[PDB]
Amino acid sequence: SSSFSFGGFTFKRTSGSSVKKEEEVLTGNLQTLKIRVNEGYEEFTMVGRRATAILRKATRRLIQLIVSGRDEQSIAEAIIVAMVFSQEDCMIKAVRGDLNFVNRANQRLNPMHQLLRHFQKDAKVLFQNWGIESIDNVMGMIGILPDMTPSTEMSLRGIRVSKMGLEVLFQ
């Protein structure tokens, strides 16, 4: 509808709709989180200083992320935000230790920001447990492995790196 900020990226919804439904989820540390799950199919653009992306998602499901970034670190930053934003069970179950993050005032962060801060600290467990898949047509986009190196054979599930800037899909 209108643009919002998450993880250093401006997001804008380009199509679709969702409704919030409260769900209780267990983390990989058996901590209960109360998350307002977005239910529906939606498409987004993401813009950051060093990466842009197209995000297509459904209820707790990253269907596809196409990322264009300056370097491996910048691409990884966009992927992490997209994986948290997806609200996938896979991402919740990749949490290690308990989440009790607070802001500058002593106020507990909301669960989505708990998750974001967690995986922005270290995404290695998230990347290693997300899943990989074989990729075929590499003419327009290539794969990225859990170690953030390129591949023309495999990729993180639903993740592709564009061989071009993304104005063509933003238009």
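We number the residues from 1 along the sequence you see.
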property	result
Average Cα temperature factor in the PDB entry - higher stretch of 75-83, 96-104	96-104
Of 134-142 and 120-128, the stretch whose C-alpha atoms average the higher B-factor in the entry	134-142
Criterion, highest CA B-factor; candidates, 35, 65, 58, 30	35
Residue 159 - which third its CA temperature factor falls in, relative to the rest of the chain	lowest
CA B-factor ranking of residue 14, expressed as a third of its chain	lowest
Chain thirds of CA B-factor: placement of residue 109	highest
